[PDB]
Structures are given as C-alpha cells and as structure tokens.
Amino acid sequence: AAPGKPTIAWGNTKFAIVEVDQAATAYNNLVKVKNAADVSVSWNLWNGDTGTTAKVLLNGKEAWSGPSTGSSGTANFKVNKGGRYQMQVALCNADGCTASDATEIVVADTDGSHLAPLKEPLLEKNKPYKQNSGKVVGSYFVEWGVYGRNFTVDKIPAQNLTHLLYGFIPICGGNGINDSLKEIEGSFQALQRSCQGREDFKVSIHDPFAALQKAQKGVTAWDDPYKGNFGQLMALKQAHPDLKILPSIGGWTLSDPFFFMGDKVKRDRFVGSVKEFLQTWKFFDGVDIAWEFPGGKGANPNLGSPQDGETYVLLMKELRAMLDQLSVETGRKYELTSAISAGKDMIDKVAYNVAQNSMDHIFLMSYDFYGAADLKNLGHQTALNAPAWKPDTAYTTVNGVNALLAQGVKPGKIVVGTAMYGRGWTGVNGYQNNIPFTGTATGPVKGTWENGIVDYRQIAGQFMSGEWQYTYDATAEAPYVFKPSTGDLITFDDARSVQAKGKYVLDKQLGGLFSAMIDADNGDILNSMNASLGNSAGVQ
C-alpha cells in the first residue's frame, strides 16, 4: 500500500530572501541579501507506513527530496523567488505517493511579492483621478514624516500620482563630508552610526527605524521582515505596479558629499553603491539626484566649485549607464531624475542640454523663491510670473523654465514644482497701496513645524477665516493671506495657482507637475495638479 498521510509539523512558515537583522544599527549589518531564502519544514507520520522517499512540494513542484527514514523528518532547502506557496510533504513508495494537506509558506523579497496590496481609501479632501494625461504627477514623501507629522505611507493618495519620491537617502561620510547635518540635533550622529564600518561616499539609510522597523499598517507582525516606510512602499507597489517609486539622494542637508565627486574614485564608489541599493531594494524604480546645488549656495557655505557643473553631467551619464545595465539585467525600465534649483543663475552653472540625454525628468524646484531668510525683500515664493508691482522679479517659475529652454532643454523633460506649504513673515509693515509685499518684515511667520513655513493644510484650516485677508494675484498667479493686526504674511500655492501651472504645462508642452511635501496637503493641491493636467476623474 501507499504510505500513510504525513502531518506537517507546527513551525515557522515565514522566510526571507533579503534578511533583516533586528539587533543592528549599522546598515552593513542591518541587511543581508541572499540568492535565496533558507526554508525548513518538518513532519510526523502518525498512521501507517512512512514510505521510502520524502518530498517537499511547492504548488505541486518538488523543492526537496530525501530518503524517508522514520516517523518524523526535517527538510532544509532554498527558495529563490518571493511569494506565497502551497507547501506539502509527500511520502512515496513503489505503491504510490501520499501528500499532506497544504500549509502556506511565505517567502519575502523586497519587491513586496509576499505582501497583500496596500490599497487604502483616499483621506481628507483627496478625490480619485485616473493617470491618463500622459503627464508626470509627482510628490516627495519625507522619511521622518511618520513621527510628529504622523504621515505614513498608507496615507499617501497613491492612485493620484505617477511618481513618488522618497526623501532622503544619505551618502556616508563624517567630518568634512556631511557637516551640514550637524545643524540638526542628533542627525549627524545618527548617520555616523548607520554608516559604521561603511566606506565614505556609499549610500545608506539615515533612519533605519523609520525606514524598516517601525510598525505600520499592513506590516505589524513581529516576523514581517520589512516594516516601516520600505515595507509599506513594497505593499504600495503591489497595489500600484505602474507607480514609479524613486529614492531621492541628497536634499538640503544631505547634499554635501556630492561636492567631492569630481574625484572619480569617489564617484565610481557612489554609483556602485546606488546599483547595490537598487539590487537590494527591488521596489525602487530608479534614482532621483537632489544635489543642492552644483556650484554651492546650498546648506554649506564652504562648498561649491566651478567644476561642479562638469561633475553633475558626468554623474548623470554614469548613473544612466549603470541603470541601463540594471535595466537589461532585470527586464525593467529604470528612471533617472533630478531636483534642481529654478534660479537662472543657478541653472546656468550646469549644461542641462547635455545632461538631459541621461535623464527621464527634471524636477524644477519652482518654489521657495522668497521666505523668512530675507526680511527686507518680500515676494511670492512659488508664483508663475512676476507681480504687477515688480515685473522685473528674477525668481519666478517661468524664468526658471525659460532658462532651461534657452539652454536647449526639451520642454517635455521639465516638471514644474508646486508647493504644498506656505512661507511667510511676521510684523510686515511700511507697505504701500495695500500690497504687503512692498513693505518689510520683523521676523518669520510662526510655523507648523519649523520657523517661517506653514503646511497648506493649516493655511486652509486656520488662515482662511477671521481677520485674514485672502488675495489671488492673477498677474503672478499666486494667492496670499495677510493678517493686518500682526503683520503676518503667507505666500503659498492654492487650487487656482496650481491650475495656472497645469495649464501652463499643457500649453508649453512641459513634462507635468510635482510637489513637496505630500504630508502637508489636505488634498486640494494634488486634486488640482491632477485636474489641471487633464487627468480624468474616477478610478481606473
């Protein structure tokens, strides 16, 4: 007779191709990439003959075979593809094979193949759009937004984006390499801990807890190998396979290391580490370079060189070459993008007409034109055009776009920036003709989280009632609110100014729109980004 029916032993059924060390703070130790997951199964046979061969099947296909030598057995084998499997143990002899009932096992991988899709309802004022305009609709999500702001990946209105950028991936380096981080309490030290035993100029993760370990919706079980932002982003990819999720390297306070990459030894090491990063974290679809900025005038007053423009173009070329190789190895398309200054003076330090051949999208940072850092010269921080009271205004969206076009950048490359926050001043005074911008300020407006910056959500929620004046400047295409008694003045984007930008993008055949930061919107801004680019209402 055929053997008795084996009983699969109670035991761990969750395995991982990329393992995460739960007691490690250094990125080198935190993550272990393997070619395959080490899987184990045991069984008992309570009734009958134990057969002469034991097999482990995954969805009916043999993953392991060995002699059946007793009433209990154990099998260890490798599984090299992520997902969920119906595992059985079968005992065979010359008279037949007898298979156990199936037990599901989970083999995790960083493409999120083991995860249920993270398909969450739209929150706040967010309304559903189909991505059918063919235009970019992008936004940045910040790693630390999960703390005080409590804005997690499950709160991202993901169906209303083409591109989701993760800010920010740091580049390893201590004294002289990441000095800008020292301005943020504990932040430099956090990076040094993450990069312990890791070479300068390789990428890492700034806050491994937030990125990988913090319990979040859909990734709360203790033996879920990827939690935090990355785990949720993996599940998000399962829900939105066409969403481009890009890691953004740099940003204001993590940009210092770019200034050393004129040394090709360092640049090669960096590009290599990015490749490794993408091979490790498979849910990512490319890389965004947020170098602020070639030539300097970023966070660090002691960095910036005339060489930086050349370095930028070389970096983009070499990144593209690495990504092209990754693409044909994987059969995937990878994107290369960059967030850049919108100031003409800044833009002309770089030959974007050359660099564009390496890039899928240029994220034009057409915001922060004005702010609390200058209390004497006030203006619209993210306007399309100059205002009527100062038509020679240098920093406008159109001037940034025109600077790029003048170089020879193709318009389809250019993605225009919208702000999901306001900047502002307090104590504004000495202004003429009921235009507060013509006055001067005494300090920054009180901020939502940091001085001089207000979440759009709070502007809409608090500063569009009471004593607050509201004005839409139709010449600049820019709203502002003003509280005369305290001289609080806030410049921001609203649904109408975003609409003007979208129409401008369509008229000029630009690439689309993107925003910073997604956590600060109540839905109004992203709704308008979608609508104005011609995306159809409804779900796809």
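Each residue number is its position in the shown sequence, starting from 1.
Student: Look over 224-232 and 389-397 in the entry and identify the one with the greater average Cα temperature factor.
Tutor: Taking the mean C-alpha B-factor of 224-232 and of 389-397, the larger value falls to 389-397.
Student: Test of understanding: from the entry's C-alpha B-factors, which stretch has the higher mean, 183-191 or 435-443?
Tutor: Taking the mean C-alpha B-factor of 183-191 and of 435-443, the larger value falls to 435-443.
Student: I'd like to know which of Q216, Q131, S204, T110 has the highest C-alpha temperature factor in the PDB entry.
Tutor: Across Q216, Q131, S204, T110, the entry lists the biggest C-alpha B-factor for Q131.
Student: Take the CA temperature factors straight from the PDB entry and tell me which of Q86, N302, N93, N178 peaks.
Tutor: That would be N302.
Student: Tell me, lowest, middle or highest third: where does the Cα B factor of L405 rank within its chain?
Tutor: Highest third, going by the recorded CA B-factors of the chain.
Student: Ranking every modelled residue in this chain by its Cα temperature factor as given in the entry, which third contains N12?
Tutor: Top third by C-alpha B-factor.
Student: Taking the values exactly as deposited, rank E62 by C-alpha B-factor within its chain and report the matching third: lowest, middle or highest.
Tutor: Within its chain, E62 is a middle-third residue by C-alpha B-factor, going by the deposited values.
Student: When the deposited Cα B-factors of this chain's modelled residues are ordered and cut into thirds, is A516 in the lowest, the middle or the highest one?
Tutor: Highest third, going by the recorded CA B-factors of the chain.
Student: Please rank the C-alpha B-factors of the chain's modelled residues and tell me whether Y480 sits in the lowest, middle or highest third.
Tutor: Answer is middle: the recorded C-alpha B-factor places it there.
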